[PDB]
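> enclosed are the sequence and the experimentally obtained structure.
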Amino acid sequence: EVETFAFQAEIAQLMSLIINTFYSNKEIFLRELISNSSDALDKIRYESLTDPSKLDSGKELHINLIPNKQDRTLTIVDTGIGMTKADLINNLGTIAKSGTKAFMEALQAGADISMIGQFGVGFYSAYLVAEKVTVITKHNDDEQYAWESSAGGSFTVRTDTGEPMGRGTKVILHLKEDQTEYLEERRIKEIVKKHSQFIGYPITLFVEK
Ligand SMILES: CC1(C)Cc2cccc(C(N)=O)c2O1
């Protein structure tokens, strides 16, 4: 059973701008997703300071980057607080509706796409290089769910039946045909040491054989 939702108009215009605007510094998407993972890890570690039972679903707090050249996917796995069905559907979009409006005002005032993180909408920068984004998350107070959208103005949410995660968020980027450079081991290295060198959690790059 899969439910299909319609993106808010402001968010839908933000993504379509991201995919269609000719912008060459697309490497900033990894900095935002890693920063999003660092925020999720800061939350779950902060809640465990007054409730250590929240870490029963996992004590390790790390970020994993798993490129796959066969499936043409780049995966970012973090063990943060996770996301609920209300967060995936509403809530998070309500928070981002103001950051989107302010972002589109700043692009016309001189700012570029690289400043998308300063508005709290840095996740949508994933569509700079991905034609389809799948999100698998697990929150301590909800079931495992699957978020998916190929832009177009709509997204789907369903209960995940795959391998359980315990807690955290898995972001799977189905990369575009011309963005396969972000699956190379030395390209992901350059981006991490240049953009996410000061993250307070271990960022492990999974190499392929
Ligand atoms: C930018 C934001 C925090 C809002 C939002 C809504 C739905 C999914 C995500 C995400 N997958 O990071 C998301 O990240």
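That came through fine. Numbers count the residues shown, from 1 in each chain.
> and this protein, which residues reach the ligand?
By Cβ under 6 Å from any ligand atom, the residues of the chain that approach the ligand are 36, 88, 92-93, 96, 121, 123, 135, 147, 171. In short, each C-beta sits where N, CA and C put it, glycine included.
> what's next to the helix or strand residue 34 falls within, contact-wise?
Using DSSP states H and E, residue 34 sits in helix 28-48. Residues outside helix 28-48 that contact it (Cβ atoms under 8 Å, 6 or more residues apart in numbering) are 54-55, 61-63, 65, 76, 78-82, 113-114, 116-117, 122-123, 125-126, 128-129, 167-169, 171, 182, 188, 191-192, 195-196, 199-201, 203.
> at 6 Å instead, please
Helix 28-48 is contacted from outside by 54-55, 61, 63, 76, 78, 80-81, 114, 117, 122-123, 125-126, 128-129, 191, 195-196, 199, 201, using Cβ atoms under 6 Å, 6 or more residues apart in numbering.
> one more: stretch 112-123?
Against stretch 112-123 from outside (Cβ under 6 Å, 6+ apart): 23, 25, 28, 32, 36, 96, 99-100, 102-103, 125.
> extract the C-alpha set from it and format it as CSV.
The C-alpha trace of stretch 112-123 is given here as CSV (Å, rounded to 0.1, in the frame of the first residue of the first chain):
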residue,chain,number,x,y,z
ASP,A,112,23.5,31.3,-6.0
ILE,A,113,22.4,27.7,-5.4
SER,A,114,25.4,26.9,-3.2
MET,A,115,23.8,28.9,-0.3
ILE,A,116,20.8,26.5,-0.1
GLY,A,117,22.0,25.2,3.3
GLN,A,118,21.5,28.6,4.9
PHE,A,119,17.8,28.3,4.4
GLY,A,120,17.2,24.8,5.9
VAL,A,121,16.2,23.3,2.6
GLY,A,122,19.6,21.7,1.8
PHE,A,123,18.2,18.3,1.1
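> give the other helices and strands that the helix or strand encompassing residue 105 contacts.
Element membership of residue 105 [criterion: DSSP H and E] is helix 92-107. Packing contacts for helix 92-107, counted by 3 or more Cβ pairs under 6 Å, 6 or more residues apart in numbering; DSSP states H and E, involve helix 9-20.
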